[PDB]
Every structure is written in structure tokens, then in C-alpha cells.
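Engineer: Here you go, one structure.
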Amino acid sequence: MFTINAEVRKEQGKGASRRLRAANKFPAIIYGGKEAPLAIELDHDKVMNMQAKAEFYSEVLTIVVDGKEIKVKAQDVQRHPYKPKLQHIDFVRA
Amino acid sequence: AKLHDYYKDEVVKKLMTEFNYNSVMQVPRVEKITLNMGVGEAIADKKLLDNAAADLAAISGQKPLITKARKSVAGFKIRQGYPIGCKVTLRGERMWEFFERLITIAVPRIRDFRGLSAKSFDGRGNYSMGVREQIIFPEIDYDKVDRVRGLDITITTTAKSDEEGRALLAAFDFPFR
Amino acid sequence: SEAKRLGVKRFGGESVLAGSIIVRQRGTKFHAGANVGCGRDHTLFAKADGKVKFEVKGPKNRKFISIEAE
Amino acid sequence: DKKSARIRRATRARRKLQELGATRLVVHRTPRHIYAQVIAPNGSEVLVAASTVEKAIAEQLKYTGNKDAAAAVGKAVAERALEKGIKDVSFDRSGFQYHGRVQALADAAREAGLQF
RNA sequence: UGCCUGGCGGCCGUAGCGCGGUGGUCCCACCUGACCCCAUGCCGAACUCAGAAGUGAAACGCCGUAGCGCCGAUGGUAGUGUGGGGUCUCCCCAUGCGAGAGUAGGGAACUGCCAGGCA
RNA sequence: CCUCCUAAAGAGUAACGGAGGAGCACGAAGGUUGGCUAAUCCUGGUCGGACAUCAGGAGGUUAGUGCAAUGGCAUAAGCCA
RNA sequence: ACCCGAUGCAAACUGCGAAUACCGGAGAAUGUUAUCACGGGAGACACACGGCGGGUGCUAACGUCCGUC
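Protein chains in written order, with the deposited numbering: chain V, 1 to 94; chain F, 1 to 177; chain W, 12 to 81; chain O, 2 to 117.
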């Protein structure tokens, strides 16, 4: 249900991830099915705000990018050892 | 093969009636009789084991096989390659005659006969004995015996389960437990 | 103790002549394939002239060294 | 078991003769039938083959599997091979003892004209 | 050419383990007796000599079973070559190389030759 | 003299660096042909104590491979003839 | 004890596993052959410091030495 808005990725590599982390964002991925997986960016502020509830891994989240709404599900999250900053999130189209 | 015809006549038929089997060979059969005499205390001398082997040969129709220690251990003071046990490997026509003679005459003459131990099963249809006082057979005279040995017949049977093994034992007499 | 000579002397794609030692080993890390011998010291040598080749064969995934003639 | 035992017994000689890259002749036994075929070094191709199952060889055999049947199979394979031009191929017993029908087949093949 | 059965190679678990079903047309298997070809460090145990008398019980061919083994992404990270920076003990930056670990998905094989039976 | 690292995924590479063995032996413990393949647990029993030979299932080389150790061995390089 | 789920670690553990470096084959460009062999003549035969990956120490140490620049 949550409307998640992001920018389409255009650079592949650890440089983009480092730049996003510096700019207070982080990379993620949306896969699930035979269609080509899509790399996406997540804005730490809004994503953490919506994830503060316990429904993040329970209900079907909604990515609205470029005016297109797609349903996805969260499988696992990579959490920093001690820093309270999100690192990477995998999403399954379901 | 003296008892082969009698088995095919009665045992197959009654097992078929009991177990509603389909094919003839589904009934449990006899794979072999393991006439193994494990003295255990052969360390005293080789002559005791030699006499045991001679008695086994006289009872059977072929020379027995001598089995050595499987591995060397210190707790049981057994080395490696030491001849310890003796067994008889019978696979042919003499098995039927030997089994018939046993089930006929060797069963009743058992001291304090309180029933064969029916709770000894490997887990899939192998039935074992641990009895002593092997003088039951009259073929051996008292003038050629110096001690009392043990009979540990462990029948190798084609039975697929303990129920089938018990049914076969009941078929071959086995009065009670 | 002086260090012994181990490792592979001739690698894949290298042209070698007959009798050329390919790999020196204590046991059998690699097994002779085509036109390859095996000495008493588990040393592999080429019995002909050609290029070396490394592959995997057998149910246990064993490394094999062979010589392909040109 | 029996089949695994036979395969593990035969594989040694089979691979050892494969190292030489020499055309071979193999014989398979069964109390009911006997098979024989020539195998090229690749192993995916054959040169000649003869079996007791076919009527062309079973017509004059009282029983499919016997010493006479083995001799007939051996001479038939040796013939087919000499017309084909095998030129002295090797022989493999396929992990079978060389004291029965395998020996009969080998003797028949050797006496038919082959010099293996 | 359609199905079934056996042998010989590639491939070396997507080819595996467990469960169910099915198979006697041919072929394969169970096994009868064995002085005869054979031999047991004892055993017709292995191998070999005389079947359809019966069967597919055990073994084995085939189908399903995603319980399980196994293969396996995209993406992130670790790690590191060259240059630079710092609080140079260790870390960061532009650039290149970047996978096991976990998921998506795959997964009860396929391929070449010969032989016999049912079509 | 030999084995582990040390020793920075080719080879080599030092330190009052730390870990162990050997001065052999075999006329079989070699060659050839054939046959075979373990540790342990459980089930059973009178000596058997929980762990004596024996029957079977799992296991599939953790055994064995004469030397202390390393790497190999199912084709077994291990065992018998 | 056995023993399922593993946690904390291994220079003398690796069912996984890089980046580099070394090895061989093809190719453009470029370098005064910069490559190899033989012969004459040598010098040196106590190196210092710094960067990187390391050994050990007292998670002080120019400690106590290595491979590369």
C-alpha cells in the first residue's frame, strides 16, 4: 500500500552505492519472475519512516516510479553491523 | 533338497493362505544356516579351536572356515589376525537335510526347555540363538568332548520383516516363546 | 631442508616435445590423459609432441592432463 | 551386488585398453543369449555385431545359450569382421572369467582366421 | 518411423536420496541339479553346463512425487591492481577487477551407434 | 636428511621461529593374472562390565596404506590367492 | 558420554574462493635491438631511509628479520 517513489538507476558498480550512501540513500533490487530485475534507489528518510511499522515485511509494498505502480514483497534486509543505516534491500514481485 | 519338496508343498501353501501373497517366491525362504561356534576363550591354546573345528566338520559335510580377529583392541586383549572363531558355510542340498534333522530330533532334547527366545531379531527377519550344551546331537560321543561349547545359529532368511520371520518360525514348528 | 620442486612446469596451450615433464607432484593431483605417462614419482611427461590440455573427467571430477597433437 | 561388481571389474581393463586407442571386440554373456560387437576407440561407434537372439544364428542352435551357440557367434563375428576389414582388433572379456563361453568365443574368433 | 528391452561412449548429481505406480510381447532378473568346461585359502561362494515349470517377489527399465540433495541468477558486500587523502595503528576517495555466503528460477535428464520385440 | 606452516593462490625466499621423525628394512613388504574391499553405532544373546568371535542395517574410505608428518590411492597404490 | 540447531577463532583445517603476479598462443601501435649467446676488462662482495604484504613481541618498541617498489 505504501507509495515508494525513487529514481531509475543508470550506473552499475560500487561507486553508485557509495555515492548513494554518502547522499543518504542506498541501492535496492526488485526481482521475482522471468522478467528482467530492476535496480532501484531508496531514500533513507522516507524508507525508514515507512519501515518503522511492523508491516514492511508483512504487507505487499507498492513502488510507484515514473507513474507506474508495481506490487512487491520484502524478503531480506542487509543491516550495518553497528551503524543504524540501511544498506541494501531485496524485493520480490508478489 | 530332501525337505525342498515338503517345504514347497506345505509351507508355500499355508504362507500363501496366511499372507494373501501373489507370487510363489514372495514367501520367506532360507538363505543359509550360520553354524558359528564362537568360543571366545581360545587364547588358552589352539587345540581347543582345532577340536571345535573338527566337531563342526563332523557335524557338517565340509571343512569349516576359521575367522580371525576383525581388529586389534586392548580392552579385550585381542590382536589382529589372531584365529578366534569358527563357522560352517553351507549353501546347497545338505542344508535341507540338516534343517530337517534338527527340527525333527534336536529340538525336544533341550535341558530346561522353556521355549525358544523369539525376541531376538536383527530388525528385518534374521533370527539368532545363544544356547549352550551342544551335546544335543548324538553324532558326537562323550569320549571326544573335553568341555561344553555353544550354539549360536543365526538363520539368514529372505523374510522382509519381523512379522514374516515369526510366521516362518511358526511354520517350522517353534512351539512357543 | 632444501625445498623440493613442485607445481606445474608446462601449462595449458604450451607446445611441448616428447619426454617433457609437465607437472611435478608428490601424490596424484593430476592424472595422465592422452599421450601422457606417469613416472615412479607421480611425474607426468608427454610421450609425443603437441599442445598441453587440462580437463575434468570421471565420476569423481578428477583433473586430467593430456597432449593434443598438431 | 552383481552388476556393479561386474562394471567395476571390467572398467579397469576397458580404460587401460582405451589408453592405447585400439579397436576392440567385446562379448556379453547371459544364460539365455550371447552378444558380441566390435567397438572403435571413440566408443560411440561399432563395426560389426552378432547376437544369439537373431534368427539367422538361432535357426541351427538347439538352445540360444550354449557352447555351440558361443562358437557360432564367435565364427560369425570373426567372418563379418574379416569381410569388413577390422585388421586384428584387440579382445576384451568385459569382466568375465576366461573358462567358459567367453573362451569358446575367443577360440572360435582366433580359429576363424583372425590373428588377434 | 511411435512404444518397450540390452549393450557400447559423451556428459559427471538439472544425471542424486526417499515414496507410489507399472513391466513379462521380446529381452533382462529369481532359481532347479551339476560326476560333465570350471574351481572353492571351506562353500555351485564367484564363474560355467542342462528353462518356461512359474513369476517380476528381490534386483532392474519407465512416469509422477520439489520431502530432500544439487545447479543457480540479478543486485549489495567483502577483497584487491594503479593514483591520491586523512585522525597514515586503520580508514576514505575517482577508476578497473568483484565472487561463495542468502533469495528469484531451474531441477526426477539429454545426446551418438548397434541389437531384439510390440506397432 | 625428511614433513607443517613460516613463505604475501607460479618457483624460490630469512630470523635463539615454533612443531616431529630417520641413519632404516624387505629376497617380500617386488613383478605378473585373478578375487575381494573398512572405522563406528544400532539390533541379540551365557560369561559380555557400555565397548570380545558371530547375523544383519546404516556408513562408502573418517579404515588401511611398515617408519613422524604431508599429498595421493576404488582402476584401489589396501587385503588374499 | 552420545548428541540436533552454532555460536567466539585458527600460520601448521578448507565441501567455497578472489584481485594481482608468473607461464604459453594471436594482433596493431611504439622503443636508436631495448632480447639471447660467445670473448676481453671490470667494479662491488658490512648499504641507509620510506611506501606496501608479512614473522615474532608486552593489541609500546627503530623490538627481532623477510618478498616487492
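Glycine included, C-beta positions come from ideal geometry on N, C-alpha and C.
1) Tell me which residues share the same chain as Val-47(W) and place their Cβ nearer than 8 Å to its Cβ, disregarding the 5 neighbours each side in the sequence.
2) Return yes when the Cβ of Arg-30(O) is within less than 9 Å of the Cβ of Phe-92(O), no when it is not.
3) With a 10 Å radius around its C-beta and 16 neighbouring C-beta atoms as the bar for buried, classify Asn-36(F) as buried or exposed.
4) Just to confirm, is the Cβ distance from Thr-65(O) to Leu-48(O) under 9 Å?
5) Could you check which residue in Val-28(O), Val-74(O), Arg-33(O) has the C-alpha nearest to that of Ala-57(O)?
6) Does the segment 41-61 of chain F touch the segment 106-123 of chain F, meaning 3 or more C-beta pairs lie closer than 8 Å?
7) Counting pairs of beta carbons, one from the segment 78-95 of chain F and one from the segment 59-70 of chain F, are three or more of them closer than 8 Å?
8) Does the beta-carbon distance from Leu-86(V) to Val-47(V) come in below 9 Å?
9) Check this for me: beta carbons of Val-145(F) and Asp-50(F), under 9 Å apart or not?
10) From what residue to what residue does the beta strand (DSSP E) around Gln-38(O) run?
11) Between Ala-71(O) and the rest of its own chain, which residues show a CB-CB distance below 6 Å, the 5 nearest in sequence each way excluded?
12) Quick check: the Cα distance between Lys-13(F) and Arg-114(F), rounded to an integer number of angstroms?
13) I'd like to know if the segment 4-11 of chain V and the segment 59-70 of chain V are in contact, where contact means that at least 3 CB-CB pairs between them fall below 8 Å.
14) Examine the Cβ distances between the segment 150-166 of chain F and the segment 118-135 of chain F and report whether three or more of them are shorter than 8 Å.
15) Between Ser-60(F) and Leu-15(F), is the Cβ-Cβ spacing less than 9 Å?
16) How would you write the range of the beta strand (DSSP E) that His-88(V) sits in, first residue to last?
17) Can the beta-carbon of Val-78(O) be found closer than 9 Å to that of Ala-51(O)?
18) Rounding to the nearest angstrom, what Cα-Cα distance links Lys-53(V) and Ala-16(V) in this structure?
19) Who pairs with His-29(O) in a beta bridge, going by DSSP?
20) Below 8 Å on the Cβ atoms is my guess for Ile-155(F) versus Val-30(F); work out the distance and round it to an integer in Å.
21) Going by other Cβ atoms of all chains shown within 10 Å of its Cβ, with 16 needed for buried, is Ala-110(O) buried or exposed?
22) With DSSP as the reference, identify every bridge partner of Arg-132(F), one or two as the case may be.
23) Taking DSSP as the reference, what is the three-state secondary structure of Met-95(F)?
24) Which residue comes first and which comes last in the beta strand (DSSP E) that contains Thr-34(F)?
25) Among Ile-87(O), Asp-108(O), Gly-86(O), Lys-85(O), which residue has its Cα nearest to the Cα of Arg-94(O)?
26) Just to confirm before moving on: does the CB-CB distance between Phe-137(F) and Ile-33(F) stay below 9 Å?
27) How about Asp-52(W) and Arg-35(W): do their beta carbons lie closer than 9 Å?
28) Quick one: Cα of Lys-40(W) to Cα of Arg-16(O), how far?
29) Can you tell me the Cα-Cα spacing of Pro-84(V) and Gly-18(W), whole angstroms?
30) Apply the 10 Å Cβ neighbour rule to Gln-116(O) and answer buried if 16 or more other Cβ atoms are within range, or exposed otherwise.
31) Got a sec? Which residues, its chain only, sit under 7 Å from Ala-29(W) by beta carbon, not counting five neighbours each side?
32) Grouping DSSP H, G and I as helix and E and B as strand, with all else coil, what is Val-90(O)?
33) Do you know offhand how far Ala-113(O)'s Cα is from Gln-19(O)'s?
34) Measuring CA to CA, which of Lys-74(W), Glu-81(W), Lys-64(W), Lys-68(W) is closest to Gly-23(W)?
35) Go through its chain and collect everything with a Cβ distance to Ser-161(F)'s Cβ below 8 Å, but skip five positions before and after it.
Structural biologist: Checking against the coordinates, here is how it stands:
1) Position 36 of the third sequence holds residue 47(W). Hits under 8 Å: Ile-33, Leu-55, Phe-56, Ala-57, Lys-58, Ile-76, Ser-77, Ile-78.
2) Here residue 92(O) refers to the residue found at position 91 when the fourth sequence is read from its first residue. Here residue 30(O) refers to the residue found at position 29 when the fourth sequence is read from its first residue. Cβ distance not < 9 Å, so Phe-92(O) and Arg-30(O) don't count as in contact.
3) Your numbering for residue 36(F) matches position 36 in the second sequence. The residue in question, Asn-36(F), is buried, as its Cβ has 16 or more Cβ neighbours within 10 Å.
4) Counted from its first residue, the fourth sequence places residue 65(O) at position 64. Counted from its first residue, the fourth sequence places residue 48(O) at position 47. No. Outside cutoff.
5) Walking along the fourth sequence from the start, residue 57(O) turns up at place 56. Per the Cα distances, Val-74(O).
6) no
7) yes
8) Here residue 86(V) refers to the residue found at position 86 when the first sequence is read from its first residue. Here residue 47(V) refers to the residue found at position 47 when the first sequence is read from its first residue. Going by C-beta atoms, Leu-86(V) is nearer than 9 Å to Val-47(V).
9) Working through the second sequence from its first residue, we reach residue 145(F) at position 145. Working through the second sequence from its first residue, we reach residue 50(F) at position 50. Going by C-beta atoms, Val-145(F) is not nearer than 9 Å to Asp-50(F).
10) The residue you call residue 38(O) lines up with position 37 of the fourth sequence. First-last of the beta strand (DSSP E) with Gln-38(O): 36-40.
11) If you number the fourth sequence from 1, residue 71(O) lands on position 70. Within the same chain, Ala-71(O) has close Cβ partners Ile-35, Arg-102, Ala-105, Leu-106.
12) The residue you call residue 13(F) lines up with position 13 of the second sequence. The residue you call residue 114(F) lines up with position 114 of the second sequence. When rounded, the distance between both Cα atoms is 30 Å.
13) yes
14) yes
15) What you label residue 60(F) is simply residue 60 of the second sequence in a count that begins at 1. What you label residue 15(F) is simply residue 15 of the second sequence in a count that begins at 1. Taking 9 Å as the Cβ cut-off, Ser-60(F) and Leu-15(F) do not qualify as a contacting pair.
16) Within the first sequence, the letter at position 88 stands for residue 88(V). Start and end: 86-92.
17) If you number the fourth sequence from 1, residue 78(O) lands on position 77. If you number the fourth sequence from 1, residue 51(O) lands on position 50. Taking 9 Å as the Cβ cut-off, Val-78(O) and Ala-51(O) qualify as a contacting pair.
18) Here residue 53(V) refers to the residue found at position 53 of the first sequence. Here residue 16(V) refers to the residue found at position 16 of the first sequence. So the alpha carbons of these two residues sit roughly 28 Å apart.
19) As a working mapping, residue 29(O) is identified with position 28 in the fourth sequence. According to DSSP, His-29(O) bridges with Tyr-36(O).
20) As a first step, residue 155(F) must be located in the second sequence, where it is residue number 155. As a first step, residue 30(F) must be located in the second sequence, where it is residue number 30. So it is a contact: roughly 7 Å between Cβ atoms.
21) Reading the fourth sequence from its first residue, position 109 is the one you call residue 110(O). Buried, because 16 or more other Cβ atoms sit within 10 Å of the Cβ of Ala-110(O).
22) As a working mapping, residue 132(F) is identified with position 132 in the second sequence. For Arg-132(F), which the question treats as bridged, DSSP gives the partners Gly-150(F).
23) Numbered from 1 along the second sequence, position 95 holds the residue referred to as residue 95(F). In the structure shown, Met-95(F) sits in a helix (DSSP, three-state: H, G or I).
24) Within the second sequence, numbered from 1, the residue matching residue 34(F) stands at position 34. That run of the beta strand (DSSP E) goes 30-37.
25) Position 93 of the fourth sequence, counted from the start, is the residue given in the question as residue 94(O). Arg-94(O) has its Cα closest to that of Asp-108(O), out of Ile-87(O), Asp-108(O), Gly-86(O), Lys-85(O).
26) The sequence position of residue 137(F) within the second sequence is 137, counting from 1. The sequence position of residue 33(F) within the second sequence is 33, counting from 1. Not closer than 9 Å, so no.
27) For this step, residue 52(W) is matched to residue 41 along the third sequence. For this step, residue 35(W) is matched to residue 24 along the third sequence. In this structure, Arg-35(W) lies closer than 9 Å to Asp-52(W) by Cβ.
28) Translated into positions along the third sequence, residue 40(W) becomes position 29. Translated into positions along the fourth sequence, residue 16(O) becomes position 15. Roughly 19 Å separates the two Cα atoms.
29) Numbered from its first residue, the first sequence carries residue 84(V) at position 84. Numbered from its first residue, the third sequence carries residue 18(W) at position 7. C-alpha separation (whole angstroms): 49 Å.
30) Locating residue 116(O) in the fourth sequence gives position 115, counting from the first residue. It counts as exposed.
31) Position 18 of the third sequence, counted from the first residue, corresponds to residue 29(W). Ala-57, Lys-58, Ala-59, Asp-60, listed in sequence order.
32) By 1-based counting over the fourth sequence, the position of residue 90(O) is 89. Coil.
33) In the fourth sequence, the residue the question calls residue 113(O) occupies position 112. In the fourth sequence, the residue the question calls residue 19(O) occupies position 18. If you take the alpha carbons of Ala-113(O) and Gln-19(O), they lie about 25 Å apart.
34) The sequence position of residue 23(W) within the third sequence is 12, counting from 1. Per the Cα distances, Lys-64(W).
35) For the purposes of this step, residue 161(F) is identified with residue 161 of the second sequence, where counting begins at 1. Excluding sequence neighbours, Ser-161(F) sits near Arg-124, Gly-125.
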